[PDB]
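Visitor: so I pulled this structure from the PDB, and the sequence comes with it:
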Amino acid sequence: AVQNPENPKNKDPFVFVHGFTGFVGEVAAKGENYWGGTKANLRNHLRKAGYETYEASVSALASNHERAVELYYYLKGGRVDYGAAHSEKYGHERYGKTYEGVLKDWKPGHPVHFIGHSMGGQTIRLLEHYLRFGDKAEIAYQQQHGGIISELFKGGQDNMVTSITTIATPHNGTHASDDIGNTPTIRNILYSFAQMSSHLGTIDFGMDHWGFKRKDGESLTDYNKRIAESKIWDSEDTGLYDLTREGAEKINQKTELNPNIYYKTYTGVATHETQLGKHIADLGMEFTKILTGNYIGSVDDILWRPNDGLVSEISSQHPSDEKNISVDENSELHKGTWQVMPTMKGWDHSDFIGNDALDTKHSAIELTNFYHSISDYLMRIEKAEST
Ligand SMILES: [Ca+2]
Ligand SMILES: [Zn+2]
């Protein structure tokens with residue numbers, strides 16, 4: 001229930017960015033709570049503690065490009081514009097929903113702390129890229145064809161993000177997608193259920209820009225014809241591809257460190273070495289992640305075996321080919337470098353957000369103390385920057 005504070009302890013709002021298959025606010029169901037699960041309401045807790053926070057609402061299955069744009073408009077407000085060139089290339093709708101805007105004042109000089117979990121960490125990085133450099137393809141497209149271009153793709157918009165803090169983010173992708181998720185058979189099943197769900201207006205998987213909604217005065221025949229011919233089934237413009245090792249690396253090659261931003265990663269492991277060097281899921285591993293945790297533990301790439309049930313340790317620690325440094329909670333602050341936090345033994349992909357109801361070992365006060373620590377770290381940054 002609780003509103004943001006009149007007089008907040010932080011001058012830069014904490015913006016939380018959920019991950020793949022994540023739903024927050026009024027696209028969520030009955031009583032599902034992404035940030036906290038059944039164990040805690042982290043929005044209520046942080047705001048009662050005096051902080052100004054927001055939980056961004058972006059597509060569950062869409063690409064990081066889609067989601068990074070949606071994040072911009074979630075904060076700044078307006079009609080989502082995915083880009084004329086990008087949308088033409090991948091063969092989908094250019095315009096999405098329209099958000100009201102929770103921080104219309106968001107501009108250079110009045111920045112934000114971006115905390116992301118899982119795929120949200122990729123989405124944040126991709127947004128900061130478009131803010132700073134824009135997108136050269138979009139500028140070239142509107143130079144060539146005219147029309148309007150989004151402020152976001154124009155670029156030259158710095159000093160809008162203070163810190164980027166990722167939690168169990170597959171910066172380097174995950175075998176879970178390579179070998180399972182983005183397989184033609186699984187992704188067919190998923191996108192088919194999402195289209196059926198969109199058509200029935202039952203659940204918004206954030207993929208309506210692919211034509212899942214049925215147009216006006218359209219026979220069912222035409223509708224089934226458009227969907228069958230949609231470029232979605234083969235497209236690289238999906239979240240599942242961006243969670244692939246190859247697709248994550250495509251993003252890694254786009255992004256570069258901003259010397260004025262504070263970066264930090266939080267990584268979990270919930271597997272243990274066994275016979276032959278294989279890894280198997282700890283007792284307490286979240287139910288739905290047991291299978292993927294076990295698969296990742298047995299892959300050929302030996303260093304990728306330790307994992308949180310979805311993301312390998314070395315994937316979460318930092319993006320490859322980007323400067324990093326080992327620190328802990330008492331280390332001094334560093335700008336422009338990925339501050340790699342010690343691996344948290346016993347924490348799985350879901351535990352980080354309290355979404356493991358069966359795991360009694362992870363209490364509500366432990367989860368609350370973890371986000372306290374993060375926010376204290378963000379207040380250290382604000383203190384260090386003012387002076
Ligand atoms: Ca667990
Ligand atoms: Zn797209």
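Guide: Arrived safely. Residues are numbered from 1 along each chain as shown. Ligands and ions are numbered 1, 2, ... in the order given.

Visitor: only C-alpha atoms from now on, for both contacts and neighbour counts.
Guide: Fine.

Visitor: wait, what's in contact with the most centrally placed residue in the chain?
Guide: Centroid-nearest residue in the chain, with Cα atoms, centre = their mean: residue 120, separated by 1.1 Å. Contact analysis of residue 120 by Cα atoms under 8 Å, 6 or more residues apart in numbering lists 17, 18, 19, 20, 166, 169.

Visitor: out of those, grab the one that's most surrounded.
Guide: residue 169 (32 neighbours; other Cα atoms under 10 Å).

Visitor: farthest-apart pair in the contacts of residue 120, please.
Guide: Pairwise distances across the contacts of residue 120 peak at 13.9 Å for 20 and 166 (criterion: Cα to Cα).

Visitor: from the contacts of residue 120, which land in helices?
Guide: The members of the contacts of residue 120 all map outside helices under DSSP state H.

Visitor: ok, so of these, who is nearest ligand 1?
Guide: Nearest to ligand 1 out of those is residue 169 (Cα to the ion; 16.6 Å).

Visitor: wait, doesn't the closest one sit right on residue 314?
Guide: No: if you go by Cα atoms under 8 Å, residue 169 and residue 314 don't touch, sitting 10.3 Å apart.

Visitor: could you pull out the helices for the stretch 101-250 of the chain?
Guide: Taking DSSP state H, counting those that start in this stretch, the helices of the stretch 101-250 of the chain run over residues 120-133, 136-145, 151-154, 175, 184-199, 220-229, 239-242, 245-254.

Visitor: which one of these is the most hemmed in?
Guide: helix 239-242 (a mean of 26; mean count of other Cα atoms under 10 Å).

Visitor: so which elements touch that helix?
Guide: Packing contacts for helix 239-242, counted by 3 or more Cα pairs under 8 Å, 6 or more residues apart in numbering; DSSP states H and E, involve helix 245-254.

Visitor: in its sheet, what does the helix or strand that the helix it packs on is followed by sit against?
Guide: Downstream of helix 245-254, the next assigned helix or strand under DSSP states H and E is strand 262-266. Here strand 262-266 is paired, per DSSP bridges, with strand 161-167 (parallel), strand 338-340 (parallel).

Visitor: tell me which of these is the most buried.
Guide: By mean count of other Cα under 10 Å, the strands paired with strand 262-266 have strand 161-167 as the most buried, with a mean of 24.

Visitor: so what touches it?
Guide: With contact meaning Cα under 8 Å, 6+ apart, strand 161-167 is reached by 12, 111-118, 120-121, 124-125, 128, 260-267, 316, 352, 378.

Visitor: can you name the residues of the chain sitting close to ligand 1?
Guide: Taking Cα under 5 Å from the ion as the criterion, the chain approaches ligand 1 at residues 284, 285, 286.
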